[PDB]
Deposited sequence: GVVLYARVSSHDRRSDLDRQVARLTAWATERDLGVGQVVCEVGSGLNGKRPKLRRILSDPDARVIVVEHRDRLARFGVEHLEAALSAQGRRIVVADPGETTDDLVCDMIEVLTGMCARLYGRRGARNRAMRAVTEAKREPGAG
């Protein structure tokens, strides 16, 4: 059983404590041995070698996250599908990086569309225009 915590920037390091706490409360409630309480700083979309190692290890039968979005902002249903085939599963212990994730999405999508030069400045004016209504 792997307990897994994620945060976008090393500014949100206190949310990693709120995650580890809720995750060990989860584990102790079912008096379960924990092999790995894994804390990662990385993109909800960019490389995450701690989660790569966890997903590539067939021994990590149960992967416990606080919310679904900590494992991935997109594609979790597909990861669950791939894991299911190997009798491994993702557990969600409870049913905010989103605005920062809106910028990293738009940056990458702007880079591909109009070139990397100023792609983040484009994404910044865009995240801004999507605030008025």
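Peer 1: Should a student be asked to find the unmodelled regions, what ranges of the deposited sequence would be the right answer here?
Peer 2: Seq positions lacking coordinates: 1, 47, 98-101, 140-143.
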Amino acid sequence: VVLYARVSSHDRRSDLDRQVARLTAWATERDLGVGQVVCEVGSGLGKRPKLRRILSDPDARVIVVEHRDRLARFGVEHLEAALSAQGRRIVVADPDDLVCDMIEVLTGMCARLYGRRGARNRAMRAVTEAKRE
From here on, numbers count along this sequence of modelled residues.
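Peer 1: Could you settle it for me: does 85-93 or 25-33 have the higher average Cα B factor in the PDB entry?
Peer 2: Mean CA B-factor is higher for 25-33.
Peer 1: Would 46-54 or 63-71 have the larger average of its C-alpha temperature factors, as given in the entry?
Peer 2: The stretch with the larger mean CA B-factor is 46-54.
Peer 1: Taking the chain's C-alpha temperature factors as the reference, tell me which third residue 112 falls into: lowest, middle or highest.
Peer 2: CA B-factor rank for residue 112: highest third.
Peer 1: Ranked by Cα temperature factor within the chain, is residue 130 in the lowest third, the middle third or the highest third?
Peer 2: It belongs to the highest third of the chain when residues are ordered by C-alpha B-factor.
Peer 1: Which third, lowest, middle or highest, does the CA B-factor of residue 13 fall in along this chain?
Peer 2: For residue 13, whose C-alpha B-factor we compare with every modelled residue in the chain, the answer is the highest third.
Peer 1: Consider only the C-alpha atoms of the modelled residues in this chain, order them by B-factor as the entry records it, and name the third containing residue 79: lowest, middle or highest.
Peer 2: It belongs to the lowest third of the chain when residues are ordered by C-alpha B-factor.
Peer 1: Using the B-factor values recorded in the entry, state whether the Cα atom of residue 106 falls in the lowest, middle or highest third among the modelled residues of its chain.
Peer 2: Its C-alpha B-factor, which the entry lists for residue 106, ranks in the middle third among residues of this chain.
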